[PDB]
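Enquirer: My structure is below; once you've seen it, I'll send some questions.
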Amino acid sequence: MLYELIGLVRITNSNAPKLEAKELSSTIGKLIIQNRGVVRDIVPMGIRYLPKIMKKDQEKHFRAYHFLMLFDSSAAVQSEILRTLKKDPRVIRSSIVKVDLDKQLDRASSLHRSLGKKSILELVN
Amino acid sequence: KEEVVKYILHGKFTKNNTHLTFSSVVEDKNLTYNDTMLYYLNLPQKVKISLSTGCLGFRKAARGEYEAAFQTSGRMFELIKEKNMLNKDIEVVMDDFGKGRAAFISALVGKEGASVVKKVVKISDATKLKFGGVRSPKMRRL
Amino acid sequence: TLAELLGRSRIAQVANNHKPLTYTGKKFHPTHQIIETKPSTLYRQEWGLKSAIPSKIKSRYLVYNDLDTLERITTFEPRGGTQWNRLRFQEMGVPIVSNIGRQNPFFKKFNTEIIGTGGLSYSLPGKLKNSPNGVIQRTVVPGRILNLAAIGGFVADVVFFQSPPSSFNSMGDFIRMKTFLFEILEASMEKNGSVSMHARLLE
Amino acid sequence: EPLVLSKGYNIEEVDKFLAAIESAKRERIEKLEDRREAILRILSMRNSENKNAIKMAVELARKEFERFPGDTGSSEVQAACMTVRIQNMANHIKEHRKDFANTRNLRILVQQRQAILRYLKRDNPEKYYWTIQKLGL
Amino acid sequence: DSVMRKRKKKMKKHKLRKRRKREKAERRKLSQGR
Amino acid sequence: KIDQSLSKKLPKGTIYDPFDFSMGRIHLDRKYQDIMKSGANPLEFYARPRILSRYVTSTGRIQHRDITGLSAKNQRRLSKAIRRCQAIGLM
Amino acid sequence: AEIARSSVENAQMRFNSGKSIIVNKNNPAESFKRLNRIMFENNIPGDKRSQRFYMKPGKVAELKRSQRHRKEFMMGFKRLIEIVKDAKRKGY
Amino acid sequence: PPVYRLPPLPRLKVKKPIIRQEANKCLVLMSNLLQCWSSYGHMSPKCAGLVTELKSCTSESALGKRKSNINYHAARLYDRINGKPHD
RNA sequence: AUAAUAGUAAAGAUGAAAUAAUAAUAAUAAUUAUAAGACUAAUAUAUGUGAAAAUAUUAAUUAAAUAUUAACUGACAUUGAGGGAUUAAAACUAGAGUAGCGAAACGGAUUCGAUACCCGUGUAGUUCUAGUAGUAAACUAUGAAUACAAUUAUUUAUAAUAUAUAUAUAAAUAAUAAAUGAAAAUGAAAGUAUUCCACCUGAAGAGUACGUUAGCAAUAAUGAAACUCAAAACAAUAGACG
Ligand SMILES: [Mg+2]
Ligand SMILES: [Mg+2]
Ligand SMILES: [Mg+2]
Ligand SMILES: [Mg+2]
Ligand SMILES: [Mg+2]
Ligand SMILES: [Mg+2]
Ligand SMILES: [Mg+2]
Ligand SMILES: [Mg+2]
Ligand SMILES: [Mg+2]
Ligand SMILES: [Mg+2]
Ligand SMILES: [Mg+2]
Ligand SMILES: [Mg+2]
Ligand SMILES: [Mg+2]
Ligand SMILES: [Mg+2]
Ligand SMILES: [Mg+2]
Ligand SMILES: [Mg+2]
Ligand SMILES: [Mg+2]
Ligand SMILES: [Mg+2]
Ligand SMILES: [Mg+2]
């Protein structure tokens, strides 16, 4: 089951912002692969400012680093990945959402589909 | 240090009464980058002159009228002029669409708020609404 | 059969369209078939359509979309300005040639694009036009400056030696009132069917 | 079972197909193995939905019951197809007590099954009895 | 039923409810032990 | 000198008419006056606030189908996508 | 600190809501009018007015339906009168 | 676009024929004078001509100068313009 | 709601006023900072979806769902007494929860009076978890199914057309023809027909009493008679009245 992810990570360090994001991406990707899963794409997005001053437990955030991870897994695995994301202090907002494979097998991320490229083959070419 | 960046003119205009409030945005010139940026975003304010249209001797019902509201606005403007909080720029905000709101804006436009207008950088409404929330009172029969 | 006669007949001949009669966008060529009457037929309100047309219309020409609608009125507009633009263009006598090096389309599955000109000019470029005074080298045409110049039912790009201040700056945005003479250099026609004329202001 | 695939695939066939592709590429290792593993993970039952598993079970039931390869509406095969869904629906209900719409749906489904077995009994009694015995009824 | 006709029924229902309220202690006495 | 509202600027390649110079033409013009309409489900754009913000009022409200001028289904998809967006941080 | 200084109130502009406008010193009244228009478009005063009391959910649904109907009638009327005007213009 | 067909109505007619006439000159002058007297104290000679103009306007009567027939075309053409089905 | 900041005399309420956990113990308004519940702005049309109750912040899981083709089954169908399951709001029994609202109660107004309408405190209740109960203007006041009948306009989906055209289908929604109807009006049903179930036979008395069953209970279902009238009811008409 192809699940897209959107995590808005924390950026504490000013000079080197992407490090925490990169670590998060590594860890969640590691979890996925240990657990019968297959990460397809890890689309980065920019250091984008949040719409409002969004706050985690005993913290506050105005800017964050955004990224999509487009992975396959079981439902239980995914649910648990989501839970771990919710638990951790270095992400502000997390959101897993299903990508339906009833018609196709190759499906790109939501952003790529919006641009034009339906399958990841198109992106490759 | 205590540097006044700008003033904010707040006006809460309810059904029955107006509340005009002047306040200085006090920035200190003097830690993590994110924390500093957050501080810069939401600078502390200090109240300078509070005012409500009963302060101008309008008792009970007459304080829910713009005539009282207009007078209060004029008094506020006079206080601003005299007490000397006109050196930096001003930011107007409003609430709750009363009669007094209409009076306040008219006062600002006219000669009563002549000295203030030139420092007023931005008008910016901030009325509160609810996306569901607490249930309101039952609609009075009358 | 009747069906064959209907197919032949003059209402079937008018090719149908539901384009707006009021089109406030850019008009590069005619939208609708212009339809004239004779004066006699106008006098008894007959245009060769489904119904009689209102006696308020005194113009002989019109344009239409529907013979009859749900509103119980034919959708028409009493105007045939496009014929006059064509006639003006003919009078001006500036032959349209493709500025791109290509053969003239009139000589030698379906292509809906405009075959050369749309048929505003079937004139050929090689002719001169003599008169009592002599052979006309420069085509003299009166037009109006807008700010571009309106020259005989066409807007045209304009050029000059020096920009005249006395005529222009005296009435800055009432230049449309005063008619100025023009020397039309050439007329090119683009893919969209717009006639791109080029004139020169004479004084 | 451990190497069962979703989407109407078969693991033996998939491997053969991959080998054929490799041969074609050669004509025209670790990485290839990793890609194959990724493909298997994608097409595995345990990563896929329950719906695919149910569909597979229904297909299996049809294969078992079909009195010839073409027939799919055989009263017995219909009953068998109903049963798999009923089992799954029953399991769902056991998880979710107050889901009353889906209990109703289950109920309808077993009523339909009963009706078709009743029909089978009238038409062809021995066959009906055999079907019942198979289904555990 | 029009509204006017309904109003008689409503009134009857109200009267019945009142009677039940009145005869609560009496009803209780009657019910228990017999 | 004169304002822009009371003078119709005829484009370069266009045809005109005597009527076209008039006040009445200008009035007529005044009277008579996208990626989601193009034919792609708006629920691809839930990680694209920039594009979804076009279908939203200055405050943040979603615009009505009378305003936005969409197919009913396509409008509802757009609305869904917007709501998803604001559930996430982005938008 | 240096980084914060460099970010010269960049977020402050985009963070604020649409209920905000920069005043032209030549015409404050114009600015106020524009703000009022914006508020009207967003239906904020009308929303505020609605929120003063509670109305039973079926009753508010009925009201909403009635409003919708009224809207649709008005644009049907507009359509009709535009046709009438066209007919008048032409001669019908 | 979304067309909106009305039901069968008794009579197509503008509900209120607001004429939308221009505001009175005398009233405008009076408002201007009032605005001037807001500024510049009570009665300074900046508004010396304005007062005179107001007086001239309001000499014979307090106001200077003292209907839209759209019903006729709608009323006439309603039965035509209907998409009302046949009898 | 609590706390801090600075700041000054009223604030809050109403038709106008007061009473109150309002305020010279320093409030209200403002700006911050914590917590708590409960609700879900726009989109929205309840369009649609659901058997009906219902059902619009987001996501995931499991379940069910549309159309057209291909193949298969071979009348397996319809309706459905009894029966079964679900069934708004209020109510009740436990155990949490309790911001706002708010029966009752108390207080202030209003009034000749005011056990009210308005205002203030505000308990049950409203919220969740597990149940009980099985009623509502539970309404489209219209039981379900099938075959059929004259038009138009709207959308929605399907197919072909040479992706954007004008076409063929369905589906819904809105105007009607015919037909039906006490009329209002119904309009693919309140038409033409066929099938099956439920129910009605003057008004009062009465969905009352007695009885029985079920429920923790409130109650729910079942459901008479005497006595008394020539009444009682609906659609529409023209007035008078507001
Ligand atoms: Mg209260
Ligand atoms: Mg059955
Ligand atoms: Mg009845
Ligand atoms: Mg039903
Ligand atoms: Mg909503
Ligand atoms: Mg049945
Ligand atoms: Mg409800
Ligand atoms: Mg309850
Ligand atoms: Mg309780
Ligand atoms: Mg009370
Ligand atoms: Mg129950
Ligand atoms: Mg009852
Ligand atoms: Mg009942
Ligand atoms: Mg209901
Ligand atoms: Mg008839
Ligand atoms: Mg009959
Ligand atoms: Mg009707
Ligand atoms: Mg008995
Ligand atoms: Mg009972």
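In the structure tokens, chains take letters A, B, ... by order of appearance, with residues numbered from 1 within each chain and ligands from 1 in the order shown.
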Pick out the residues sitting within 9 Å of region 60-65 of chain B, and hand them over as JSON, numbers by chain; count only C-alpha atoms (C1' of nucleotides), and ignore anything fewer than 6 positions along from it in its own chain.

Expert: {"B": [14, 15, 16, 17, 18, 52, 53, 54, 98, 99, 100, 103], "I": [14, 16]}

Enquirer: For ligand 14, collect every residue having any atom at a distance of at most 8 Å from a ligand atom (counting only C-alpha atoms (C1' of nucleotides) and all ligand atoms); output as a ChimeraX atom specification.

Expert: /I:53,88,138

Enquirer: Return as a list in words every polymer residue, whether protein, DNA or RNA, with at least one atom no more than 10 Å from an atom of ligand 4; count only C-alpha atoms (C1' of nucleotides) and all ligand atoms.

Expert: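 Listed by chain and ascending number, the contacts are residues 51, 52, 143 and 144 of chain I.
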
Enquirer: Which residues are near ligand 13 in this structure, taking near to mean any atom at most 12 Å from a ligand atom and counting only C-alpha atoms (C1' of nucleotides) and all ligand atoms? Format them as a PDB file with N, CA and C atoms (P, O5', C5', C4', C3', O3' and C1' of nucleotides), in the first residue's frame.

Expert:
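Result went into out.pdb, see below:
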ATOM      1  P     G I 134     -39.792  -0.861  25.076  1.00  0.00           P
ATOM      2  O5'   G I 134     -40.182  -0.090  23.740  1.00  0.00           O
ATOM      3  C5'   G I 134     -41.015   1.084  23.785  1.00  0.00           C
ATOM      4  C4'   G I 134     -40.644   2.028  22.669  1.00  0.00           C
ATOM      5  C3'   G I 134     -40.936   1.516  21.261  1.00  0.00           C
ATOM      6  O3'   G I 134     -41.354   2.560  20.394  1.00  0.00           O
ATOM      7  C1'   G I 134     -38.647   2.012  21.453  1.00  0.00           C
ATOM      8  P     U I 135     -42.694   2.422  19.540  1.00  0.00           P
ATOM      9  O5'   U I 135     -43.748   3.195  20.452  1.00  0.00           O
ATOM     10  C5'   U I 135     -44.308   4.453  20.045  1.00  0.00           C
ATOM     11  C4'   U I 135     -43.588   5.615  20.691  1.00  0.00           C
ATOM     12  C3'   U I 135     -43.843   6.961  20.032  1.00  0.00           C
ATOM     13  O3'   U I 135     -45.015   7.584  20.544  1.00  0.00           O
ATOM     14  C1'   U I 135     -41.581   6.727  20.848  1.00  0.00           C
ATOM     15  P     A I 136     -45.811   8.625  19.635  1.00  0.00           P
ATOM     16  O5'   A I 136     -44.680   9.680  19.254  1.00  0.00           O
ATOM     17  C5'   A I 136     -44.274   9.920  17.895  1.00  0.00           C
ATOM     18  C4'   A I 136     -43.890  11.369  17.737  1.00  0.00           C
ATOM     19  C3'   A I 136     -43.843  11.878  16.301  1.00  0.00           C
ATOM     20  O3'   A I 136     -45.147  12.327  15.937  1.00  0.00           O
ATOM     21  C1'   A I 136     -41.847  12.480  17.436  1.00  0.00           C
ATOM     22  P     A I 137     -45.958  11.654  14.721  1.00  0.00           P
ATOM     23  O5'   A I 137     -45.725  12.685  13.531  1.00  0.00           O
ATOM     24  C5'   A I 137     -46.229  14.029  13.629  1.00  0.00           C
ATOM     25  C4'   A I 137     -45.433  14.937  12.728  1.00  0.00           C
ATOM     26  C3'   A I 137     -44.090  15.409  13.275  1.00  0.00           C
ATOM     27  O3'   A I 137     -43.166  15.399  12.196  1.00  0.00           O
ATOM     28  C1'   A I 137     -45.420  17.277  12.747  1.00  0.00           C
ATOM     29  P     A I 138     -41.634  15.091  12.468  1.00  0.00           P
ATOM     30  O5'   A I 138     -41.667  13.674  13.192  1.00  0.00           O
ATOM     31  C5'   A I 138     -42.262  12.521  12.572  1.00  0.00           C
ATOM     32  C4'   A I 138     -41.182  11.537  12.202  1.00  0.00           C
ATOM     33  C3'   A I 138     -41.619  10.377  11.317  1.00  0.00           C
ATOM     34  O3'   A I 138     -41.618  10.793   9.957  1.00  0.00           O
ATOM     35  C1'   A I 138     -40.334   9.557  13.132  1.00  0.00           C
ATOM     36  P     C I 139     -42.353   9.917   8.835  1.00  0.00           P
ATOM     37  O5'   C I 139     -43.017  11.027   7.905  1.00  0.00           O
ATOM     38  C5'   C I 139     -42.602  11.244   6.545  1.00  0.00           C
ATOM     39  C4'   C I 139     -42.667  12.715   6.208  1.00  0.00           C
ATOM     40  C3'   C I 139     -41.669  13.607   6.943  1.00  0.00           C
ATOM     41  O3'   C I 139     -41.151  14.629   6.093  1.00  0.00           O
ATOM     42  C1'   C I 139     -43.863  14.345   7.395  1.00  0.00           C
ATOM     43  P     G I 207     -58.011  10.844  22.845  1.00  0.00           P
ATOM     44  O5'   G I 207     -56.869  10.041  22.077  1.00  0.00           O
ATOM     45  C5'   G I 207     -55.720   9.497  22.764  1.00  0.00           C
ATOM     46  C4'   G I 207     -56.085   8.256  23.546  1.00  0.00           C
ATOM     47  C3'   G I 207     -54.924   7.610  24.298  1.00  0.00           C
ATOM     48  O3'   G I 207     -55.416   7.012  25.496  1.00  0.00           O
ATOM     49  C1'   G I 207     -55.799   6.062  22.778  1.00  0.00           C
ATOM     50  P     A I 220     -46.608   6.562  26.955  1.00  0.00           P
ATOM     51  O5'   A I 220     -46.178   5.227  26.201  1.00  0.00           O
ATOM     52  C5'   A I 220     -45.006   5.211  25.369  1.00  0.00           C
ATOM     53  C4'   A I 220     -44.704   3.810  24.894  1.00  0.00           C
ATOM     54  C3'   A I 220     -45.871   3.023  24.313  1.00  0.00           C
ATOM     55  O3'   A I 220     -46.174   3.440  22.984  1.00  0.00           O
ATOM     56  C1'   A I 220     -44.662   1.645  25.795  1.00  0.00           C
ATOM     57  P     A I 221     -47.700   3.534  22.492  1.00  0.00           P
ATOM     58  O5'   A I 221     -48.077   2.013  22.213  1.00  0.00           O
ATOM     59  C5'   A I 221     -47.375   1.255  21.211  1.00  0.00           C
ATOM     60  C4'   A I 221     -47.481  -0.223  21.493  1.00  0.00           C
ATOM     61  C3'   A I 221     -48.879  -0.824  21.410  1.00  0.00           C
ATOM     62  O3'   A I 221     -49.281  -1.024  20.059  1.00  0.00           O
ATOM     63  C1'   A I 221     -47.787  -1.632  23.344  1.00  0.00           C
TER      64        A I 221
END

Enquirer: Got a sec to check which residues lie within 8 Å of ligand 18, using only C-alpha atoms (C1' of nucleotides) and all ligand atoms, and send them as number ranges by chain?

Expert: I: 210-211, 223-224

Enquirer: Could you list, as a PyMOL selection string, every residue of chain H that has an atom within 12 Å of an atom of chain F, counting only C-alpha atoms?

Expert: chain H and resi 1-4

Enquirer: Generate a file of the selected residues that holds N, CA and C atoms, formatted as an mmCIF file, in the first residue's frame.

Expert:
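As a result, result.cif now contains:
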data_model
loop_
_atom_site.group_PDB
_atom_site.id
_atom_site.type_symbol
_atom_site.label_atom_id
_atom_site.label_comp_id
_atom_site.auth_asym_id
_atom_site.auth_seq_id
_atom_site.Cartn_x
_atom_site.Cartn_y
_atom_site.Cartn_z
ATOM 1 N N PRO H 1 -22.218 28.284 -18.473
ATOM 2 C CA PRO H 1 -22.568 28.870 -17.179
ATOM 3 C C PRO H 1 -23.918 28.380 -16.634
ATOM 4 N N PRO H 2 -24.207 28.648 -15.343
ATOM 5 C CA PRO H 2 -25.457 28.190 -14.738
ATOM 6 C C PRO H 2 -26.635 29.131 -15.018
ATOM 7 N N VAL H 3 -27.506 28.729 -15.943
ATOM 8 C CA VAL H 3 -28.757 29.452 -16.206
ATOM 9 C C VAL H 3 -29.748 29.198 -15.065
ATOM 10 N N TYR H 4 -30.605 30.185 -14.799
ATOM 11 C CA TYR H 4 -31.618 30.095 -13.745
ATOM 12 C C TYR H 4 -32.996 30.450 -14.291
#

Enquirer: Using only C-alpha atoms (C1' of nucleotides) and all ligand atoms, which residues of the polymer chains come no farther than 9 Å from ligand 10? I'd like the answer as a ChimeraX atom specification.

Expert: /I:102,119-122

Enquirer: Using only C-alpha atoms, can you tell me which of F:37, F:84, F:48, F:8 comes closest to chain C?

Expert: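 Smallest distance to chain C is found for F:8.
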
Enquirer: Tell me, as a list in words, which residues lie within 10 Å of region 73-83 of chain I, counting only C-alpha atoms (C1' of nucleotides); anything in the same chain fewer than 2 positions away does not count.

Expert: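 Contacts, in chain order: residues 71, 72, 73, 74, 75, 76, 77, 78, 115, 116, 117, 118, 119, 120, 122 and 123 of chain D; 144, 145, 146, 195, 196, 197 and 198 of chain I.
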
Enquirer: List the neighbours of residue 43 (chain G) out to 12 Å using only C-alpha atoms (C1' of nucleotides); skip same-chain residues closer than 4 positions along the sequence, and give me the result as a list in words.

Expert: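 Residues meeting the cut-off are residues 127 and 129 of chain B; 57, 58, 59, 60, 61 and 63 of chain F; 19, 36, 37, 38, 39, 47, 48, 49 and 50 of chain G; 41 and 42 of chain I.
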
Enquirer: Quick one: residues within 10 Å of residue 122 (chain C), only C-alpha atoms (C1' of nucleotides), excluding same-chain residues fewer than 3 positions away - as a tab-separated table (two decimals) with C-alpha atoms, in the first residue's frame?

Expert:
chain	number	residue	atom	x	y	z
C	90	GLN	CA	-10.40	47.51	-51.24
C	95	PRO	CA	-2.44	44.43	-51.54
C	96	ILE	CA	-1.96	41.89	-48.73
C	106	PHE	CA	-4.89	30.77	-53.94
C	116	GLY	CA	-4.07	33.08	-46.88
C	117	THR	CA	-6.31	36.07	-46.32
C	118	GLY	CA	-9.88	35.32	-45.21
C	119	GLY	CA	-11.16	36.74	-48.53
C	125	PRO	CA	0.44	42.82	-55.57
